[PDB]
Amino acid sequence: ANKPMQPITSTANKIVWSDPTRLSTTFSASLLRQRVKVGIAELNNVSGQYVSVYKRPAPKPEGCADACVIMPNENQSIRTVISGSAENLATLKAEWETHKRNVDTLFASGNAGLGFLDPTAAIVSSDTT
Amino acid sequence: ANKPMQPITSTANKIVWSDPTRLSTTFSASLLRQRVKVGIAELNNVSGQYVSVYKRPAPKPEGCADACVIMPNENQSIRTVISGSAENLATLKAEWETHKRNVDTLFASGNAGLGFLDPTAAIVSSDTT
Amino acid sequence: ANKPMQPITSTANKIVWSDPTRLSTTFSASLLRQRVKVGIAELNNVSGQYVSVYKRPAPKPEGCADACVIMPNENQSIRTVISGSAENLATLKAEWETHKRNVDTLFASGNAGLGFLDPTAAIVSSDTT
Amino acid sequence: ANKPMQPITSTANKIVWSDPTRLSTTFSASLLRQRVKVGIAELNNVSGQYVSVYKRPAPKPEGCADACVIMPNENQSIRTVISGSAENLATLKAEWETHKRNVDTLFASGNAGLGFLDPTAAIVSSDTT
Amino acid sequence: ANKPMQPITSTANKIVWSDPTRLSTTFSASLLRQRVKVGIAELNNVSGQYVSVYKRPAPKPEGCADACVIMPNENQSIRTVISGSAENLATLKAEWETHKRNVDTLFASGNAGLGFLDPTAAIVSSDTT
RNA sequence: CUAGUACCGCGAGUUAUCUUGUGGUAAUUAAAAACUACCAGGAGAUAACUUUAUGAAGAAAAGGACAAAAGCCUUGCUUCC
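Residue numbers (PDB author numbering), protein chains in the order written: chain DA, 1 to 129; chain GK, 1 to 129; chain GX, 1 to 129; chain GY, 1 to 129; chain GL, 1 to 129.
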């Protein structure tokens with residue numbers, strides 16, 4: 001039951017969503033479409049840039065029930081860019097799906113968030129046996 | 001019990017742990033292997049430096065309960081460097097054990113931390129009778 | 001038991017012990033008291049340096065050995081420094097055994113003295129669960 | 001009873017005592033030994049400077065005590081210098097004995113502490129009748 | 001049952017092992033991967049430098065092992081370099097296997113180790129009849 | 001008192017972090033009086049680099065004599081620093 005956003009800046013190359021209850025949080029997606037001559041063939045390349053921004057209150061040190069004592073907000077941001085030829089969209093979606101698993105198995109379930117990299121983490125590619 | 005730290009940076013020359021609860025707490029172990037020349041014999045020397053760091057906020061003058069403002073924190077650092085030939089590790093451990101007791105006599109049980117030195121403390125060497 | 005040392009050089013800040021039978025073995029403790037001031041608080045910082053020195057003969061020809069080979073000697077040293085304010089000394093002692101515990105589980109039980117590092121070793125915090 | 005101090009800095013001339021509970025409380029003694037000649041005979045004069053320092057917090061309460069209003073300390077210093085040849089040390093102790101009573105009359109029992117001189121106060125000499 | 005080693009230092013392109021009992025013994029594996037351009041047949045090349053180092057004491061005089069006399073150890077080194085395209089690795093393994101056969105002919109079975117070269121020994125090709 | 005005895009010092013620079021806090025930049029103030037935002041900056045603690053004490057090591061490419069070279073030298077790079 002997440003709060004849905006509404007578009008704010010609608011443009012042929014950029015749309016920004018923001019939450020009515022919390023105007024601070026945003027999610028903006030921008031596309032840059034380009035035509036590429038990779039070799040003896042002309043191809044249409046697209047680079048979609050998706051960024052989600054959230055301003056959250058700081059840790060709120062313990063034993064501080066007082067309401068109007070207010071801390072500043074840090075910067076929780078996530079940026080993603082997807083670059084690939086349009087005709088290879090079907091196989092590109094496989095890349096996006098497996099990219100999520102690699103990040104999740106390394107950061108979500110792993111400890112990459114705290115700042116530690118696990119060389120023995122098991123990550124796999126899109127290609128299957 | 002105690003919350004176990006988890007490594008944040010790992011390297012064959014140094015490893016740094018940190019408390020996931022608070023990142024200020026730190027315990028870093030570093031090594032410096034060295035090949036040391038003695039009389040017609042070559043011996044492998046290892047010098048391991050171990051540092052434990054804690055940020056403790058103020059002494060918090062008692063009487064009144066703490067108002068919710070952060071106290072500037074001081075550094076409580078314990079640094080330990082152990083140097084010796086690798087092959088004499090068996091006897092160096094005994095030297096480490098008696099070293100712990102000697103410091104405990106001066107500091108854990110004495111008033112060394114307050115800045116006082118007792119020239120009558122009982123100090124026992126690694127060699128036994 | 002172990003042979004006690006007697007004080008050698010009683011200085012304003014440094015006292016050095018030494019075994020009467022073996023003058024090579026020493027245990028010197030030096031104190032440095034500093035006047036440090038933090039936010040609206042006056043602190044007495046104490047940095048205690050403790051050095052344990054032992055000169056150990058070489059591994060001694062393996063296989064066997066007589067009682068007249070007398071190999072050269074090599075330096076075994078252990079230095080620890082304890083830095084912090086005396087105002088919160090009682091809690092400063094808390095990480096001392098924790099620092100003792102962390103090094104023991106990493107160097108005594110482990111093989112860090114040889115030159116190895118164990119990124120998966122159990123390192124526990126001073127604070128309690 | 002009274003909490004004893006421990007020596008801090010030891011020197012051939014000066015030794016400083018400080019209280020473990022209150023590091024600021026201080027009793028320092030410094031001696032300057034010198035040879036002087038008056039009746040074509042050398043005399044070994046000893047000058048002993050004794051200083052006692054305490055930091056009494058000024059009378060903070062004004063009806064209101066409160067948990068943690070902390071207002072600064074004041075200087076309470078007592079310095080005594082004892083001079084005279086060690087040859088007449090036996091009678092010089094009696095001089096110290098008399099000096100104590102004379103000061104006690106003016107200050108300990110009288111109102112010299114308030115800042116008043118009593119001309120008719122009873123003052124007696126070391127020499128007895 | 002040969003003694004197993006564990007890695008000493010890790011690097012992006014270098015791993016070394018050493019025996020805990022004897023730190024002198026080492027085994028270094030270093031890789032160098034580089035992009036090789038060919039006649040419009042792109043290839044990936046690797047260069048593996050494998051070094052085995054042993055410090056062995058010089059041979060004691062014949063007919064006497066009793067006397068625990070230590071000769072200064074000498075350096076024994078075996079270094080191997082493998083270069084080739086990763087695509088042709090499968091047949092390159094046969095190259096390595098054949099290389100062993102030729103060396104064993106001169107070195108192990110033969111006496112090329114003593115400094116004597118035999119232009120008669122059978123040297124077989126990698127490919128089969 | 002002064003051959004000695006004995007006594008004294010332990011530190012460089014740059015950068016960042018924390019604490020203290022000298023001035024300046026403007027505000028309320030007739031005001032750089034004093035609180036505030038920034039900088040410079042005296043001081044104490046910590047971290048990184050050149051280099052100090054005193055620095056030391058790790059070859060793998062190049063040139064130097066030479067066959068374009070390696071082995072004899074240094075430099076690229078790194079380590080506590």
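Note that CB positions come from ideal geometry on N, CA and C, so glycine has one too.
Check, Outcome
"I'd like to confirm the pairing. Which residues does DSSP put opposite residue 60 of chain GX in its beta bridges?", "DSSP, once it has assigned bridges, lists no residue as partnering residue 60 of chain GX."
"Kindly indicate if chain GY contains any beta-carbon less than 7 Å away from that of residue 112 of chain GX.", "no"
"Excluding five sequence neighbours on each side, which residues of the same chain lie with their C-beta closer than 6 Å to the C-beta of residue 73 of chain GX?", "55, 57"
"So what does DSSP say about residue 127 of chain GK, is it helix, strand or coil?", "strand"
"Which whole-angstrom value is the C-beta distance of residue 85 of chain GK and residue 47 of chain GK, which I expect to be below 8 Å?", "Rounded, the Cβ-Cβ distance is 10 Å, inconsistent with contact."
"What number of angstroms, rounded off, separates the C-alpha of residue 102 of chain GK from the C-alpha of residue 122 of chain GK?", "8 Å"
"Would you report the Cα separation of residue 36 of chain GX and residue 76 of chain GK, rounded to the nearest angstrom?", "13 Å"
"When you compare the CB positions of residue 8 of chain GX and residue 24 of chain GX, do they come within less than 7 Å of one another, or not?", "no"
"Curious, which full-length alpha helix (DSSP H) runs of at least 4 residues does the stretch 71 to 119 of chain GK contain?", "89 to 103"
"Of all the residues that make up the stretch 9 to 29 of chain GK, which are near chain DA by a beta-carbon distance shorter than 9 Å?", "9, 10, 18, 20, 23"
"Residue 84 of chain GX versus chain GL: which residues are under 8 Å apart at the beta carbon?", "Chain GL residues near residue 84 of chain GX: none, gap ~34 Å exceeds 8 Å."
"Taking Cβ to Cβ, would you say residue 95 of chain GX is nearer than 7 Å to residue 126 of chain GX?", "yes"
"With 16 other CB atoms within 10 Å as the buried threshold, where does residue 124 of chain GX fall?", "buried"
"Hey, does residue 68 of chain GL have any beta-carbon neighbour from chain GX nearer than 7 Å?", "yes"
"Would a check of beta-carbon distances place residue 63 of chain GK closer than 7 Å to chain GY?", "yes"
"Could you name the residues of chain GL that residue 44 of chain GK contacts, counting a contact when the two beta carbons are closer than 8 Å?", "23, 24"
"Name, please, each residue of chain GX whose Cβ falls closer than 7 Å to the Cβ of residue 6 of chain GL.", "116"
"Between the alpha carbons of residue 34 of chain DA and residue 43 of chain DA, how many angstroms are there, rounded?", "9 Å"
"One question on the structure: do residue 30 of chain GY and residue 45 of chain GY come within less than 7 Å of each other, judged by their Cβ atoms?", "no"
"Using the beta-carbon count (16 or more within 10 Å), is residue 107 of chain GY buried or exposed?", "exposed"
"For my contact list, residue 80 of chain GX and residue 50 of chain GX are in at a C-beta cut-off of 8 Å; report their separation, rounded to the angstrom.", "5 Å"
"Cβ atoms of residue 117 of chain GK and residue 20 of chain GY: under 7 Å apart, would you say?", "no"
"Taking the Cβ atom as the reference point for each residue, do residue 119 of chain GX and residue 15 of chain GK lie within a distance shorter than 7 Å?", "yes"
"State buried or exposed for residue 99 of chain GY, treating a residue as buried only when at least 16 other CB atoms are found within 10 Å of its CB.", "exposed"
"Compare the Cα-Cα distances from residue 26 of chain GK to each of GK:6, GK:39, GK:2, GK:93 and report the closest residue.", "GK:6"
"Ignore the nearest five residues each way along the sequence and tell me which others in residue 71 of chain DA's own chain have a CB closer than 7 Å to its CB.", "57, 58, 60"
"Look at residue 68 of chain GL and residue 65 of chain GX and say whether their C-beta atoms are less than 7 Å apart.", "yes"
"If contacts are defined as beta-carbon pairs under 8 Å, then residue 129 of chain GX and residue 3 of chain GK qualify, I think. What distance do you get, rounded to the angstrom?", "6 Å"
"Alpha carbon to alpha carbon, what distance is there between residue 63 of chain GY and residue 22 of chain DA?", "51 Å"
"Hey, does residue 53 of chain GX have any beta-carbon neighbour from chain GK nearer than 7 Å?", "no"
"If you follow the beta strand (DSSP E) that residue 26 of chain GK is in, where does it begin and where does it stop?", "26 to 38"
"In its own chain, which residues sit with a C-beta less than 7 Å from the C-beta of residue 41 of chain GY, not counting the 5 before and 5 after it?", "none"
"From which residue to which residue does the beta strand (DSSP E) around residue 7 of chain DA run?", "6 to 11"
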